[PDB]
Amino acid sequence: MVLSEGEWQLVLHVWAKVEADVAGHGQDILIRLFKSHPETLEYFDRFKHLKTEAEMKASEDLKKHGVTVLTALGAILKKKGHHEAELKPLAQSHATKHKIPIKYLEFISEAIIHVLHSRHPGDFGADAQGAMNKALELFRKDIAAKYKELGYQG
Ligand code: HEM
């Protein structure tokens with residue numbers, strides 16, 4: 001929906017923690033996604049040979065993709081909602097090439113929140129959680145708009 005300026009400030013303050021260790025966050029987020037929602041792994045021809053968490057933790061290539069994911073998300077979040085320019089290519093690849101259902105963006109949003117609780121206990125309270133959830137919900141809703149514009153049902 002629309003975040004307050006206060007809420008965006010909180011979102012970006014938590015993001016600065018992500019930016020201090022991008023690869024470790026990105027690795028944790030993709031592995032959490034694959035553990036909580038294994039169906040999502042099946043969509044990655046690149047990774048689906050990885051069978052266990054331990055195997056996933058040992059893939060440098062998974063870590064690299066985690067950086068790529070978070071770099072993109074970060075650019076989006078820094079736009080504080082004014083992210084049309086960022087969402088157009090992302091929606092195009094994800095709807096038309098990777099063919100990812102929108103529901104999976106809910107799953108990755110859940111993984112992000114989980115990893116923030118795991119990595120930043122004592123520094124990720126109800127206020128920050130609420131703000132980040134709003135930002136991720138806006139992102140998902142706006143990607144779903146872009147899927148529809150491409151002619152899909154996400
Ligand atoms: C925060 C949410 C996400 C962001 C920011 C994101 C971002 C990216 C970026 C930047 C790329 C590389 C460029 C491109 O192809 O667009 C990518 C590739 C990809 N994404 Fe995502 N992604 C997200 C969620 C998801 C989810 C939830 C899935 C599947 C369940 C998914 C599946 C893929 C696949 C399959 C590729 C190609 C990977 C490869 O073979 O190299 N993405 N994503």
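Placement of Cβ uses the backbone N, Cα and C atoms for every residue, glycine included.
Neighbour list (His65 (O2 binding site), Cβ cut-off 8 Å, at least 6 residues apart, same chain): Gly26, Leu30, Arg46, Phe47. Annotation comment: Swiss-Prot describes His65 as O2 binding site, evidence class experimental evidence.
What Swiss-Prot lists as nitrite binding site is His65.
Look at Swiss-Prot and you will find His94 tagged as heme b binding site. Under the three-state DSSP scheme, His94 (heme b binding site) falls in the helix class. Residue density at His94 (heme b binding site): 22 other Cβ atoms are found within 10 A of its Cβ, drawing on all protein chains shown.
Secondary structure from DSSP puts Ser4 (phosphoserine) in coil. Among the features that Swiss-Prot reports, phosphoserine is placed at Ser4, with the record citing similarity to another entry.
Taken from Swiss-Prot, the feature phosphothreonine covers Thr68. Cβ-based neighbour count (10 Å, all protein chains) for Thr68 (phosphothreonine) stands at 11. The secondary structure of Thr68 (phosphothreonine), as reduced to three states from DSSP, is helical.
Residue pair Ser4 (phosphoserine) / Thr68 (phosphothreonine) shows a Cα separation of 28 Å. Within 10 Å of the Cβ of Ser4 (phosphoserine) there are 10 other Cβ atoms, across all protein chains.
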